[PDB]
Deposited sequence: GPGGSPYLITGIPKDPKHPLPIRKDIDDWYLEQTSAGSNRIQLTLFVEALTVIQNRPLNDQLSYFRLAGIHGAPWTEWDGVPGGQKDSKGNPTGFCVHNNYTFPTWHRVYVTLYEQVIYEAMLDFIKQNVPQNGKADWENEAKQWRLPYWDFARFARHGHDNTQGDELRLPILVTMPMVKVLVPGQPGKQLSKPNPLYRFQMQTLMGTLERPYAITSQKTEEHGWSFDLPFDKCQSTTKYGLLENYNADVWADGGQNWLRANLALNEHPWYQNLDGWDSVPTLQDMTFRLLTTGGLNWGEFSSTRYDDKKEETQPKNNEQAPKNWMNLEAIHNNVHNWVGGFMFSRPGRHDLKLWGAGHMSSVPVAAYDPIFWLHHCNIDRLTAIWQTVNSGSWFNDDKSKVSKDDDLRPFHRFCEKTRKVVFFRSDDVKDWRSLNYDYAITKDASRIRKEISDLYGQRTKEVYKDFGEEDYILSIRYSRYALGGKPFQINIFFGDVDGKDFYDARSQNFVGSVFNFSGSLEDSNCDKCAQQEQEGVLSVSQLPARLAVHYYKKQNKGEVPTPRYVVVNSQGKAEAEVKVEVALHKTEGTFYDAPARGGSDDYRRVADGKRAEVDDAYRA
């Protein structure tokens, strides 16, 4: 302390190693053409980091603690209202440094593991693998690879495995199945009981969790179930593949909204940095932003609803860490999600070279200290805080992405990964585009999170939640001066028009809280906009209206 964040140190033998897609990396590592060493190193190093004591500021707990709860100091920097930047233009750059911190800590732990565990004849080889390793990213917008015995988005293979097989150093040809540190983070006692001042202690019972969970916290189950609510990865995958309700009807092709949004984000030109970088709002075509997409992914991975009114056999609710800004960083997938958010930023930067804190709005924030992150400044000869300009070129942190390495085919790569399905399905219909604009206050529920669901047509007063809900079009999640997001609406409008003799729909919205109830006093500005031509001159064509729900479902 101060812990100097440098990125993995430069070695001439390892020029700008890449952060790989975690699925591609896992498949590579578990093939006979791999020594399986990088997999073993990541698992063993992250296990050590997770098991470190709380007084160790490089423990997993304390590293995750930087983001939000328990709101303590870190690296001598006063804390406590966490350190993470949200709803501001430094959202991408603060998180760029945070991810690099995690990567660097893991690398250092890998080197220690080698020193304590690897025989002499293997040390050079194991060190060599550690120096080439970079933190993989979870490509949340790319169709998963599978046997096809359709295509869908998925959580990483590794995140869905409670156990993982790794090498046993010193015993050639021997492998052992061990608990997988990417599956969850678990402490030895409930997090609400940790020694002061680190206790996690909220309208979700995170104090009653020993393990991080995805969708595992539901009301009206015994509280001891919450100690480890499990990883409902199939449910998370379902949420990640959110799309309009009509697409589940026979005869229609589906397009995951997350992929459509990500394709739009990467291919739409002309945004300034303030528009791209954040939900912050002090041109609705420009409201598709990195942070809003990131917010929905948090929601879809973790779940935010603890309850639902009424009677339901099929229960699609359930809450978990990733939906909650104070505790999301405890879930190991947090870091892989943010690794991809960093990749998306790098891609956008590559195809928008001039647009860096350029506009009058974001310019104010450019020189913000990115607390609590320290580095040694070459220009002033002293320890300072990171600033956004320090990480404009992510390569200065000694990592890269394949997609930005060979950027000569970047637009082709973007289309191949994120645009094929959208184009395939859109091309069946007329050359017009529709988008939804959404503007809200993140503070509208006193700071509490909520979800804004939009519908075209009649709203089921007892089912206004998800893609299973009649006439659902899409959602915007308040992960928590206004905030904005954008949704694709082209295909949902087409369907509505087919049922309603060509009429444009009124966007109807419901604001849903963590109890699954509709909030009547949260203002949301929603509008539908149309342009001629396909997205790959928008005009407002319908104003939003709040939908009513059943009395028992009202907050």
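Missing C-alpha coordinates mark the following deposited-sequence intervals, in order: 1-4, 85-92, 162-164, 217-226, 308-320, 519-536, 593-601.
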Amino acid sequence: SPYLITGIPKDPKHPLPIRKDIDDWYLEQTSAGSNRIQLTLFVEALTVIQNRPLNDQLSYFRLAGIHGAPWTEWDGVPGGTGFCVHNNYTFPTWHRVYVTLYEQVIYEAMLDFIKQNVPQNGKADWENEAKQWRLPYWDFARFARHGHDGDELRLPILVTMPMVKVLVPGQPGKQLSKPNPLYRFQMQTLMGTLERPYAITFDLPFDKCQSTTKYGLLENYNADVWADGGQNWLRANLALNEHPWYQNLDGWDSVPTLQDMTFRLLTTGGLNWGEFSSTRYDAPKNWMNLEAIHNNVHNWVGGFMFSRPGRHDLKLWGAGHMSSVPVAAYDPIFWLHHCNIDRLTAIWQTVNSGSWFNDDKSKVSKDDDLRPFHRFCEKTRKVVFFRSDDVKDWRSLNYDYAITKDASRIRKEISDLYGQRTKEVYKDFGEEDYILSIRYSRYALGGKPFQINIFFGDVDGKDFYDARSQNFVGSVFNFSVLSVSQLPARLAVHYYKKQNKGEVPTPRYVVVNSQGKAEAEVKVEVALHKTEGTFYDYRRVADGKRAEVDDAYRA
From here on, numbers count along this sequence of modelled residues.
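In this entry, the higher average B-factor at the C-alpha atoms falls on 394-402, of the pair 394-402 and 313-321. Taking the PDB entry as given, 140-148 carries the higher mean Cα B factor of the two stretches 140-148 and 103-111.
When the C-alpha B factors of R134, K123, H338, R308 are read from the deposited coordinates, the top value falls at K123. Per the PDB record, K497 has a higher Cα B-factor than any other of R36, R52, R490, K497. Residue-level temperature factors show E532 in the highest third of its chain, judged at the C-alpha atom. Ranked by C-alpha B-factor against the other modelled residues of its chain, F304 falls in the lowest third. Among all modelled residues in this chain, the alpha-carbon of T201 has a temperature factor (C-alpha) in the highest third.
Among all modelled residues in this chain, the alpha-carbon of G516 has a temperature factor (C-alpha) in the lowest third. Looking at the C-alpha B-factors along this chain, the one for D24 belongs to the middle third.
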